[PDB]
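Report on the structure given below.
Number of protein chains: 2
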Amino acid sequence: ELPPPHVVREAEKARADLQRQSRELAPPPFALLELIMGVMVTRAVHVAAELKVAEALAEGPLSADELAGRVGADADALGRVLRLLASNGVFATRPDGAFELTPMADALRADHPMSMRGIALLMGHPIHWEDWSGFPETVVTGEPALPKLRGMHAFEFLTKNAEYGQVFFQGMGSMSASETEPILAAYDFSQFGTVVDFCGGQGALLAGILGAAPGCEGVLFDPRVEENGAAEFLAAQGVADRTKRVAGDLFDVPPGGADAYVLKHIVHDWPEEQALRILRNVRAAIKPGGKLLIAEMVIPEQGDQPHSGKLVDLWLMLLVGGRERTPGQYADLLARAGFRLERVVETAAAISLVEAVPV
Amino acid sequence: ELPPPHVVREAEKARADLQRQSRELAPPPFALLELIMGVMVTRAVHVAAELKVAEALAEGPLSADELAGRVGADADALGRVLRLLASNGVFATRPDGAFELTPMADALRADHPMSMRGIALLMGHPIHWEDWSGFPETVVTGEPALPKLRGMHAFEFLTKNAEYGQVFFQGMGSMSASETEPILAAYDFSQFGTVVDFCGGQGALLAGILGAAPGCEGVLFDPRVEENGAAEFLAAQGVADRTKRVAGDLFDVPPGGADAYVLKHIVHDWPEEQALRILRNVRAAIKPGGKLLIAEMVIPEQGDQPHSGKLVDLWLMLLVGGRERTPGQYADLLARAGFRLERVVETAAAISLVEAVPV
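These protein sequence lines map, in sequence, to chains B and A. The numbering of the first sequence is the deposited numbering, which starts it at 3 and goes up by one. The numbering of the second sequence is the deposited numbering, which starts it at 3 and goes up by one.
Structure, rendered in structure tokens:
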């Protein structure tokens with residue numbers, strides 16, 4: 003069972019206070035140096051993921067020599083990487099010299115229900131690693147780095163380079179998979195008779211909604227919906243007889259008259275002009291009584307508390323020219339597309355639901 | 003002044019306990035994800051350093067809009083970067099949306115006496131960025147990446163590419179500047195009549211030693227001592243009348259019979275065979291009664307407590323095939339070179355002094 007959202011907000015505030023306390027116990031230049039060197043920790047996590055160290059330790063603790071033999075690495079180098087990771091909570095060292103899992107290292111297993119292996123691999127992938135070298139020019143110019151580095155848009159590059167496209171998609175999945183259940187626990191989808199999951203890919207969220215709302219019928223609206231794997235996935239979830247697959251373009255007007263249009267991680271992909279184009283298309287389809295639900299990490303309007311959206315924001319800026327928004331920015335954007343923001347519904351995770359009605 | 007080191011050891015333990023409590027409040031996959039994304043915080047600090055935002059805010063708080071023309075960056079992009087940094091204690095957001103300095107952001111100023119600007123710039127430099135792409139194979143093979151990626155030892159690349167050599171030197175200087183005073187407060191250099199700073203660079207440490215020991219004469223032994231600015235620096239420090247500059251190779255026998263040989267961040271750069279060669283050469287120079295002082299981050303023999311040496315170890319592995327060592331590893335290395343470990347002298351910083359006597 004998932005904790006109520008207010009319990010998670012309290013844990014976030016407590017964590018932020020512990021982190022502020024910690025930083026203040028250090029010389030400021032030393033606390034800054036720790037942040038500067040964080041790229042090295044990323045690299046250490048990445049190699050542990052690439053070598054499937056967590057899978058190798060799932061059957062019990064292994065010495066450096068035994069582990070290195072099973073994963074095909076150097077025992078000395080691997081033990082030194084694991085010593086560093088263990089000092090950050092990822093794996094543990096024993097007095098007898100063997101290494102073993104911790105809860106954080108367990109989430110590097112591919113088969114963990116909330117696996118971070120995908121994003122660990124993506125953050126160290128040579129293509130994405132090079133993307134980050136464009137970050138200073140992105141801040142200078144405001145323009146994403148990917149079109150300058152690759153001669154094309156992010157989406158065109160991912161479809162043309164299918165192998166890295168899967169790396170990228172699995173990296174996005176590590177983050178997205180934690181979002182369905184918090185959304186379902188925070189919002190009553192049984193109020194809806196029909197829902198359109200707008201560019202919902204394989205339909206993970208739509209299947210969640212339909213499983214939670216037995217009287218609801220779903221439209222999975224996605225350009226790839228016939229190649230997606232969606233048909234196999236929706237049937238395995240037992241909702242296929244309540245779903246219509248509609249192949250349509252990202253910039254098409256979706257089927258009209260649905261009780262809810264659900265847009266998860268769509269709006270934040272795009273520069274404002276294209277984001278507005280998409281929302282106006284949804285505005286043309288929606289009827290009075292219908293709701294628009296935008297599922298995104300909403301950045302609080304004020305304050306310096308940590309938020310996942312503040313970090314994901316930079317990633318959007320680098321790659322696609324999108325951004326994360328505050329509630330006030332969502333209100334302004336929605337008002338320019340013929341919508342009124344009604345509420346921002348928080349969840350037990352970082353994502354929220356921006357609820358809007360047509361006006 | 004600096005505190006006696008037990009206040010520092012207690013703050014280190016408190017910080018470690020606070021970080022562990024913070025990890026325990028988070029879902030393990032999300033705490034892991036924060037570590038995975040460290041590369042993004044490195045890039046955010048790097049662009050703030052490159053743009054000299056800290057200097058721009060010296061006269062008082064400024065909005066991102068006010069900063070755009072001051073530093074030559076996009077107002078929107080810069081504001082989103084600073085918002086992320088401020089959530090990590092680097093700069094802060096005022097209620098009116100303007101950004102202001104914090105003590106950690108103060109340390110990004112180029113002229114800060116403990117400036118971290120040099121290392122922030124090195125960590126994001128494209129050459130260093132590319133070098134880190136060789137880390138997975140360093141762990142697979144145990145071998146440093148530089149010969150494989152660039153066809154030469156890291157230090158030979160530094161010598162042949164003068165511009166990157168200065169970026170690297172400034173980045174090393176950021177971390178080194180924090181080490182001189184802790185070393186002087188921990189160890190009585192007034193007991194020595196003569197001190198050799200072995201491969202001491204420009205002489206920063208040796209100047210500190212001579213200032214702490216007004217009756218001491220120094221030898222600055224370094225291959226580049228006639229080209230690296232040592233004469234100008236020593237004269238500016240007022241110690242040039244008590245310093246002999248000696249040009250020599252890293253693998254030469256240094257001037258003989260000195261009361262103390264000081265090796266700071268020399269031994270950890272080298273595979274064991276080369277490290278022993280250097281230590282045996284010092285052994286051939288030192289005479290009975292002399293002391294060998296090795297200034298390095300010393301990794302504790304057991305436990306998973308955070309220690310700066312555990313992270314720097316991976317940098318050494320990647321770039322030069324060196325390593326950080328525990329006390330017992332230093333004791334074994336010293337014994338094979340004709341020394342005996344006498345004390346490991348802690349300081350108010352991460353670095354320690356390994357004191358050894360010739361046997």
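We treat Cβ as the ideally placed atom computed from N, Cα and C, and that holds for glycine.
Original post:
Would you report the Cα separation of A/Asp133 and B/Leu321, rounded to the nearest angstrom?
Top reply: Those two C-alpha atoms are separated by around 23 Å.
**OP:** Taking only runs that begin and end inside the segment 168-220 of chain A, name each unbroken alpha helix (DSSP H) of 4 or more residues, in chain order.
**Re:** 182-188, 206-214, all fully within the segment 168-220 of chain A.
Original post:
According to DSSP, is B/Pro138 helix, strand or coil?
Top reply: Helix.
Subject >> For A/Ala33 and A/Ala232, the rounded distance between their alpha carbons >> reply: Computed Cα separation, rounded: 46 Å.
Original post:
Hey, is the segment 267-287 of chain A in contact with the segment 50-66 of chain B, meaning 3+ C-beta pairs nearer than 8 Å?
Top reply: Too few Cβ pairs lie closer than 8 Å, so no.
Original post:
Say the cut is 8 Å; is the CB of B/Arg11 nearer than that to a heavy atom of the ligand SAM?
Top reply: Ligands in the displayed structure: none, and consequently the ligand SAM is not present.
**OP:** Could you give the DSSP three-state label for B/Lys266: helix, strand or coil?
**Re:** Residue state, collapsed to three classes: strand.
Original post:
In the DSSP assignment, what residue or residues form a beta bridge with A/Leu321?
Top reply: In the DSSP output, where bridge partners are listed per residue, A/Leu321 has none listed.
Original post:
Taking the continuous beta strand (DSSP E) assigned at A/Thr328, which residues delimit it?
Top reply: Neither: A/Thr328 is in no beta strand (DSSP E) and is coded neither H nor E.
**OP:** Kindly indicate which three-state DSSP category A/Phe253 falls into: helix, strand or coil?
**Re:** Coil.
Original post:
Does the beta carbon of B/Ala33 come closer than 9 Å to any beta carbon on chain A?
Top reply: So yes, B/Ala33 belongs to the interface.
Original post:
Do you know offhand how far B/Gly250's Cα is from B/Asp224's?
Top reply: Pairing B/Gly250 with B/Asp224, the inter-Cα distance amounts to about 6 Å.
**OP:** Return helix, strand or coil for B/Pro290, following the three-state DSSP convention.
**Re:** In the three-state scheme derived from DSSP, where H, G and I count as helix and E and B as strand, B/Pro290 is classed as coil.
Original post:
Taking any Cβ of chain A, which residues in the segment 10-23 of chain B have a Cβ under 8 Å from it, in chain order?
Top reply: Residues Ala13, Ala16, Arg17, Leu20, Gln21, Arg22, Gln23.
**OP:** Determine the closest residue to B/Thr143 out of B/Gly323, B/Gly311, B/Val41, B/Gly330, with distance taken between C-alpha atoms.
**Re:** It is B/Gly323 whose Cα lies nearest to the Cα of B/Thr143.
**OP:** Could you list the residues in the segment 113-126 of chain A with a C-beta less than 7 Å from some C-beta on chain B, going in chain order?
**Re:** Of all residues in the segment 113-126 of chain A, the ones placed with a Cβ closer than 7 Å to any Cβ belonging to chain B are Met116, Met118, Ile121, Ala122, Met125, in chain order.
Original post:
Which one or two residues does DSSP pair with B/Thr245 in a beta bridge?
Top reply: B/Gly220, per the DSSP bridge assignment.
**OP:** Indicate whether at least one CB of chain B lies closer than 9 Å to the CB of A/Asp199.
**Re:** Chain B contact via Cβ: absent.
Subject >> beta strand (DSSP E) segment containing A/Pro360, residue limits >> reply: Per DSSP, the unbroken beta strand (DSSP E) holding A/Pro360 starts and ends at 354-360.
Subject >> B/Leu343 - containing beta strand (DSSP E), residue span >> reply: In the DSSP assignment, B/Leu343 falls within the unbroken beta strand (DSSP E) covering 341-348.
Original post:
What residues from chain B crowd round A/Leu316, counting only those whose CB sits closer than 8 Å?
Top reply: Chain B residues near A/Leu316: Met42, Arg45, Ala46, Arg82, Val83, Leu86.
Original post:
Helix, strand or coil: which one does DSSP assign to B/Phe93?
Top reply: Shown here, B/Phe93 sits in coil according to DSSP, grouped into three states, outside any helix or strand.
Original post:
Along chain B, which residues have their Cβ under 7 Å away from the Cβ of A/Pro128?
Top reply: For A/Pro128, the chain B residues whose Cβ falls inside 7 Å of its Cβ are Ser135, in order along the chain.
Original post:
Is the shortest distance between the beta-carbon of A/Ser89 and the beta-carbons of chain B less than 9 Å?
Top reply: At least one CB atom of chain B sits nearer than 9 Å to the CB of A/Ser89.
Original post:
Between B/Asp67 and the rest of its own chain, which residues show a CB-CB distance below 8 Å, the 5 nearest in sequence each way excluded?
Top reply: So the qualifying residues of the chain are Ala77.
Original post:
For A/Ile280, does the three-state DSSP call read helix, strand or coil?
Top reply: In the three-state scheme derived from DSSP, where H, G and I count as helix and E and B as strand, A/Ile280 is classed as helix.
**OP:** Using the DSSP secondary-structure output, state which residues sit across from A/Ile121 in a beta bridge.
**Re:** For A/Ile121, which the question treats as bridged, DSSP gives no partner whatsoever.
Original post:
Closest Cβ-Cβ distance between B/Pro97 and chain A: below 9 Å?
Top reply: Yes, contact with chain A.
Subject >> Chain-ordered neighbours of B/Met299 on chain A, where CB pairs are closer than 8 Å >> reply: In chain order: nothing, as chain A lies at least about 12 Å away.
Subject >> Simplified DSSP assignment, three categories, for B/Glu102 >> reply: Annotated three-state conformation of B/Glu102 is strand, per DSSP.
**OP:** Would you identify the three-state DSSP class for B/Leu37, choosing helix, strand or coil?
**Re:** Residue state, collapsed to three classes: helix.
Subject >> Range of the contiguous alpha helix (DSSP H) that encloses A/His8 >> reply: According to the DSSP assignment, A/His8 belongs to the alpha helix (DSSP H) that extends over 7-26.
**OP:** With DSSP collapsed to three states, give me the class of A/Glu274.
**Re:** Shown here, A/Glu274 sits in a helix according to DSSP, grouped into three states.
Original post:
Should B/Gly136 and B/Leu148 be called a contact, given that it needs their Cβ atoms to be closer than 9 Å?
Top reply: Result yes, Cβ atoms of B/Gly136 and B/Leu148 sit closer than 9 Å.
**OP:** Look up B/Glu303 in the DSSP assignment and say whether it is helix, strand or coil.
**Re:** DSSP places B/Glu303 in coil when its eight states are reduced to three.
**OP:** For A/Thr143, go through chain B and note every residue whose CB falls closer than 7 Å to its CB, in chain order.
**Re:** What A/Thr143 touches in chain B: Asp76.
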